[PDB]
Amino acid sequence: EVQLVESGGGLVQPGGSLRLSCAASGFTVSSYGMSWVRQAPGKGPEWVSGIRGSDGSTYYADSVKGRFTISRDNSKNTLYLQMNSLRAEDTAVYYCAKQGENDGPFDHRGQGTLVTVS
């Protein structure tokens, strides 16, 4: 039914930038709230960025303000995380996720994609 197929992780040197992809299948990215969450090995998952479905407001964790930008391309039906000025602790598996109708509970997540910062 609904899937979130991720790509765009890989290795990057401290200071670098990277662009993550999360292609929706079975729904329209523009119609729901989506956010990005990440998990470094040894740590619990961490919310990082998000778009609110109801009004397209964007939000960002403190560790990531000024460096990261969430967005959607309606034509490609994908959510992106532009990540700039990367640093060692930004290293995790990144996960996109989708909320139910009317700013509902998260109901699906992507498979993950690994970001490694030397």
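Start at 1 with the first residue shown and count on from there.
Asker: Look over 101-109 and 11-19 in the entry and identify the one with the greater average Cα temperature factor.
Answerer: Comparing 101-109 with 11-19, the higher average CA B-factor belongs to 11-19.
Asker: Hey, out of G42, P45, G26, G33, whose CA B-factor is highest in the deposited coordinates?
Answerer: Comparing C-alpha B-factors across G42, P45, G26, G33, the maximum falls on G42.
Asker: Determine, from the deposited record, the chain-internal third of the Cα B-factor for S54: lowest, middle or highest.
Answerer: Highest third.
Asker: Could you say whether, by C-alpha temperature factor, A61 belongs to the lowest, middle or highest third of its chain?
Answerer: Middle third by C-alpha B-factor.
Asker: Using the temperature factors of the C-alpha atoms in this entry, rank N77 within its chain: lowest, middle or highest third.
Answerer: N77: CA B-factor falls in the lowest third of its chain.
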